[PDB]
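Here you get one chain, nothing else, as structure tokens; it is the form deposited in one PDB entry.
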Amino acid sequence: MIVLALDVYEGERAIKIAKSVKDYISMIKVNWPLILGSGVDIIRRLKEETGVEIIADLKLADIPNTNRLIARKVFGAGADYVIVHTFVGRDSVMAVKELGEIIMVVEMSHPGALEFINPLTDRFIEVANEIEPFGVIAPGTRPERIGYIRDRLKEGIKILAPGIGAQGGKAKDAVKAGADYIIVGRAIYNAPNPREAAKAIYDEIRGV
């Protein structure tokens, strides 16, 4: 099950790519840049033009009432899931979950992640286990980490993995490692033929 990271911040060209690959993806993930550049409306619309669920990658990390306000507006705009940080606390996570499905951040892949976030991943996983969000993000650059998290995460809580390598077999390996969804951006929206690249990743995943 593929998640398209529509990180093509230019208007209509972003929507064109998403509608044409709708057959091979399960969700569409949008971030703050797209939202800022096109307005929160690009959400309602990415929807009624692809028919695919949408994940608003916002990494909410504010106080409860502000997280709530943002969620209400984003869910209200059509988002199906909102990604939220675990670091700011449970009340802030629950404020969003109360209005819609959430995906919690328990680990990150940039150099800075090793400073405070990653040392707390085991603890964040346990928070995730108690809250039972729809899922958690797990950088899949290294399958070992997806399995690490999968071993500690409650069954029923999905794992979505970004940073999937471009080599043939990587997407399949991330799923085998425990990822329920692989989040792919570049390798798809910047490929000569998007639908084709989407189909390739899709076919790879189901082993044939």
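All residue numbers are counted from 1 along the displayed sequence. Just so we're on the same page, rigid core means the largest C-alpha set that superposes within 1.5 Å between forms.
The same protein has a further form, the form deposited in another entry, not shown here; the description that follows concerns it.
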Q. After a core superposition, would you say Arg123 shifts its C-alpha by at least 2 Å between this form and the one not shown?
A. no
Q) Taking the rigid core as reference, does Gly163 move its C-alpha 2 Å or further between this form and the one not shown? A) no
Q: Please check if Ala113 moves between this form and the one not shown, taking a CA shift of 2 Å or more relative to the superposed core as movement.
A: yes
